[PDB]
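Residue numbers (PDB author numbering): 41 to 360.
Using N, Cα and C, we set each Cβ at its ideal position, and we do this for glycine too.
Below: one structure, written as structure tokens.
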């Protein structure tokens with residue numbers, strides 16, 4: 041087979057399981073998985089790579105802006121998709137773009153570049169030993185998406201694990217990328233937009249919150265409450281029903297974590313409104329490492345509350 045897309049396109053139009061092996065190498069290619077039960081197994085998680093260069097500010101061949109949702113390298117929008125031993129990355133050079141002068145005509149304002157977008161139909165998304173490379177907005181999940189990440193790696197700095205859907209991480213490595221642009225804060229690990237009606241969002245079980253060699257201490261927030269600007273019946277404003285949930289359990293944290301931080305959104309009159317972590321579903325449970333603290337601003341789960349985040353409870357109808 042020529043490409044990952046050629047293999048997916050050739051697969052029968054039924055809902056039968058389809059396995060695509062990937063021998064080591066770099067596949068500069070974009071994906072939109074519409075077929076269910078598609079499993080992508082690569083030769084090595086580091087050696088096998090799917091990666092395109094797409095920034096939100098960039099223009100499609102049309103050509104209007106791609107946008108955050110359009111910037112995905114691999115866009116999953118089907119149930120039972122699984123990825124095994126491969127890297128999905130966005131080739132966008134965030135640091136170099138920030139290195140560009142303000143006078144530089146090629147510098148972009150919209151700097152988010154999604155590696156993996158798990159859309160509303162991406163149910164039972166399974167991820168055994170997978171690296172996700174990015175800088176801003178690396179992993180994006182939407183309401184309806186239910187995914188399980190085991191023995192996996194995710195890198196980025198600004199809101200690199202963000203969105204609505206249920207996304208669980210078991211014994212995974214969450215890397216905070218270094219930045220030469222700014223003084224701290226450098227970025228924020230999660231930006232959950234978990235809907236008020238949906239009980240689960242971004243969960244981290246037995247995982248590691250690591251930092252890159254250059255990253256200073258107290259430069260990263262665990263989370264930041266994302267209230268997406270949504271066009272409603274009466275106007276377009278930060279969706280109030282989007283009170284995100286990011287939970288960390290038995291997770292060791294390097295010294296770069298300073299805690300949680302707040303998000304600026306837009307009013308019904310179109311003005312800067314602040315959503316605070318206190319009002320958001322941000323919780324910790326027996327988290328370890330130098331970047332772990334307890335204070336007025338680190339709300340922690342009770343023994344009874346922790347019982348709800350058992351893997352069978354969070355995924356009842358899924359074997360996992």
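The C-alpha of residue 168 lies about 11 Å from the C-alpha of residue 211. In this structure, the CA atom of residue 95 is about 23 Å from the CA atom of residue 183. Under the 10 Å beta carbon count, residue 316 is surrounded by fewer than 16 other beta carbons and is classified as exposed. If the five residues before and after residue 246 are omitted, its C-beta is found closer than 8 Å to the C-beta atoms of 210, 211, 289, 290, 291, all from its own chain and listed in chain order. With respect to the 8 Å criterion, residue 116 and residue 89 are not classified as neighbours on the basis of their beta carbons. Between residue 297 and residue 242, the C-beta gap is not smaller than 8 Å, which leaves the two residues out of contact. For the pair of segments examined, the segment 334 to 352 was found not to touch the segment 189 to 197: the number of CB pairs separated by less than 8 Å stays below three. Here DSSP, grouped into helix, strand and coil, assigns residue 344 to helix.
Going by DSSP, residue 262 is part of the beta strand (DSSP E) stretching over 260 to 263. In this structure, the alpha-carbon of residue 46 lies about 23 Å from that of residue 106.
With a cutoff of 8 Å on beta-carbon distance, residue 354 and residue 320 are scored as not near each other.
According to the DSSP assignment, residue 213 belongs to the beta strand (DSSP E) that extends over 213 to 216. Remark: C-beta atoms of residue 49 and residue 358 do not approach each other more closely than 8 Å. For residue 48, the enclosing alpha helix (DSSP H) starts and ends at 44 to 50. In this model, residue 85 and residue 63 are separated by some 11 Å (Cα to Cα). The three-state secondary structure of residue 293, taken from DSSP, is strand. Residue 112 has its alpha-carbon roughly 14 Å from the corresponding atom of residue 74. Taken through DSSP and simplified to helix, strand or coil, residue 351 comes out as helix.
In the displayed model, residue 137 falls within a helix according to three-state DSSP. DSSP places residue 339 outside any beta strand (DSSP E), giving it a letter other than H or E. Counting of Cβ neighbours within 10 angstroms places residue 99 among the exposed residues, the total staying below 16. In the DSSP annotation of this structure, residue 83 is not part of any beta strand (DSSP E), being labelled neither H nor E.
In this structure, the CA atom of residue 213 is about 42 Å from the CA atom of residue 274.
Across the structure, residue 122 and residue 360 are spaced so that their CA atoms are roughly 11 Å apart. For residue 199, the three-state secondary structure derived from DSSP is strand. A residue is called buried when at least 16 other Cβ atoms come within 10 angstroms of its Cβ; residue 278 meets this threshold and is buried. For residue 127, the uninterrupted beta strand (DSSP E) run begins and ends at 122 to 130, by DSSP. For residue 324, DSSP records a beta bridge to 288, 340. Scanning its chain for C-beta atoms nearer than 7 Å, with the 5 sequence neighbours on each side dropped, one finds around residue 119 the residues 76, 161, 163, 164, in chain order. Using a 10 angstroms sphere on the CB of residue 140, the tally of other CB atoms stays under 16, which defines it as exposed.
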